[PDB]
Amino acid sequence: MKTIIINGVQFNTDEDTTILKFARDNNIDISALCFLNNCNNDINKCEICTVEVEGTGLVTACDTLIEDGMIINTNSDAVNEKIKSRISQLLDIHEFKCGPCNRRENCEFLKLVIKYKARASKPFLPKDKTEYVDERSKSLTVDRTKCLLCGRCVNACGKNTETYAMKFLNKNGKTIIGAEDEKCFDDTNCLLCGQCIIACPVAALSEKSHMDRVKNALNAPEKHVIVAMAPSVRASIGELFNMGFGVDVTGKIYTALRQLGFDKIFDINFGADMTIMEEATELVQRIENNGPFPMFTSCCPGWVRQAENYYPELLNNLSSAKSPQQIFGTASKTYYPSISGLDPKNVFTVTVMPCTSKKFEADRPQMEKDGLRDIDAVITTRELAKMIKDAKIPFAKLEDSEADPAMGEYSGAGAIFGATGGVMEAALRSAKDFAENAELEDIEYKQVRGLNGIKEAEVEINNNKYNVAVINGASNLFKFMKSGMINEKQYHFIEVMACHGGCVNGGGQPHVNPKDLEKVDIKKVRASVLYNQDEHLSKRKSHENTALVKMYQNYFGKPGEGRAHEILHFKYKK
């Protein structure tokens, strides 16, 4: 075995990890900053993980591997001053205004300021922040007075998407981060997925706020404000109210939304059953006569932008059904005004999403019908948590309430949408029933579920064999295509999500912090809430939702045709 004494404490091990990863497992904490996603900043490291090992001296723990004769120093003095110096040097390029900062109660730099008791030199107060700020994007915002240049957003974008859309740039003499040619992210190959925000330790990267759109709508006398939350929100916002991980808070969120002043409390899972209603019918129509194959999902805006910027020839193969957000939005300006006494231009639709790319989607020019936007505002999970906290709603102690039924009811098929393989499984439950005109008992497609990057399965429909694939994350779509895996058989239906794990690990989700992220498999525990909802729901197929059936029979007619085909669809030409 190898045998090391870190700070005079005895440890023998048959593990060949780094000093930082051995220490993380063994309670002895070493501080770190640029290390994340099994990588550090290769080009000018932050050196917060400095330790000293006798004989050699000061090394960076996040990438120095343990040796059998080591004696390592953490608390030390020469180590401790090398690190505190580094933090103070970052405060020289940091605007230290915690509160009103959106990262105040979970920062991880404020935490390294009070632990090492570091102070700037000259505190950094730019009189004009314009040059540092970029807010041209519909999904992402940058404030470089908070940027530590730790390279975490660049490495996270490369691992998670492989687009390398978040780059290190040379502006004048300085190094900044941003998009291709310091352009607005929307005008580049960027997917607006937000994984760079999730990797950022500070408030340098944030979602484009839609807080004032919601605010103004709630104070506006004539506006009827509709709110509907995504599948993933109920499996994750309780993390921000110190309730833990994998806690189902569906009922608390409906109550909280009533206390914020919303007029109707609906849900995007109703919209998810609507999308399956259209898309599963479209899949049956593509199986009747030979395609076009493959039909791809078109509900993830990060993926839609990936197939626009990188695979434009696939745009025709995408499902014409609108994403749950946008299909719900079209119906909230048409169906809901006809069952309530309202004029559609006084309805304002707000969604709560685990995603920043949803903001871009809602704001797309043609995502409207004669002046009325499908969706008027999209706030992330972190933004809903902010506005609950501002109102002082005692979230953890709220009584559970139910959604308003007409557009808030949902089946278990819609419920699993927030996990990778969720849309695939939900579409197959309805597509197999529609094509064979039966009510099938077996509905679990466990083989398309889970955290494997590329999952496939063979499905039998009408005693014929069909192949389906599930692409977990945008880096895996590039691997699927470039590998020629797409060509090893004829695929009939392919689900694609841009974020790894699915929407439960989207770019608008609660931050976690690495010394917690080490302990919890966050993609699995957030997803388990949703799968448990499906398993305990009596309706587990989209077409069985009672409020959905009332809407289609009384207002849209049959799926995939006539009126349903008119307004609940969107095709991308460009």
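Residue numbers here begin at 1 and follow the sequence given. Heads up, when I say rigid core I mean the largest set of C-alphas that superpose within 1.5 Å between the two forms.
Enquirer: Rigid core superposition, C-alpha RMS per stretch in 7 other deposited structures of this protein: which comes out larger, 192-200 or 69-77?
Expert: Checking 192-200 against 69-77 in 7 other deposited structures of this protein, I find the farther stretch is 69-77.
Enquirer: Looking at C-alpha RMS in 7 other deposited structures of this protein with the core superposed, is it 79-87 or 422-430 that drifts more?
Expert: After superposing on the rigid core, the more displaced stretch in 7 other deposited structures of this protein is 79-87.
Enquirer: If you average the Cα B factors in the entry, which is higher, 381-389 or 87-95?
Expert: Mean B over CA atoms: larger for 87-95.
Enquirer: Using only the Cα atoms and their B-factors as the entry lists them, report which of 425-433 and 285-293 averages higher.
Expert: The stretch with the larger mean CA B-factor is 285-293.
Enquirer: Can you tell me which of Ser332, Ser137, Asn472, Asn106 has the maximum CA B-factor listed in the PDB entry?
Expert: Reading the PDB entry, the winner on C-alpha B-factor is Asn106.
Enquirer: Can you pull the Cα B-factors for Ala527, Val549, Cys34, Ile43 from the entry and say which is highest?
Expert: When the deposited C-alpha B-factors of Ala527, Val549, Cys34, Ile43 are compared, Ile43 is largest.
Enquirer: Please place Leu149 in the lowest, middle or highest third of its chain according to the CA B-factor in the PDB entry.
Expert: Its C-alpha B-factor belongs to the middle third of this chain's values.
Enquirer: Compared with the other modelled residues in the chain, in which third is the CA B-factor of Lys215?
Expert: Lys215: CA B-factor falls in the middle third of its chain.
Enquirer: Once the chain's modelled residues are ordered by C-alpha B factor and cut into thirds, is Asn172 in the lowest, middle or highest one?
Expert: For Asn172, whose C-alpha B-factor we compare with every modelled residue in the chain, the answer is the highest third.
Enquirer: According to the PDB entry, is the CA B factor of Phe262 in the bottom, middle or top third of its chain, that is, lowest, middle or highest?
Expert: As the PDB entry reports it, the C-alpha B-factor of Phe262 lands in the lowest third of its chain.
Enquirer: So where's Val504 on the chain's Cα temperature factor ranking, which third?
Expert: As the PDB entry reports it, the C-alpha B-factor of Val504 lands in the lowest third of its chain.
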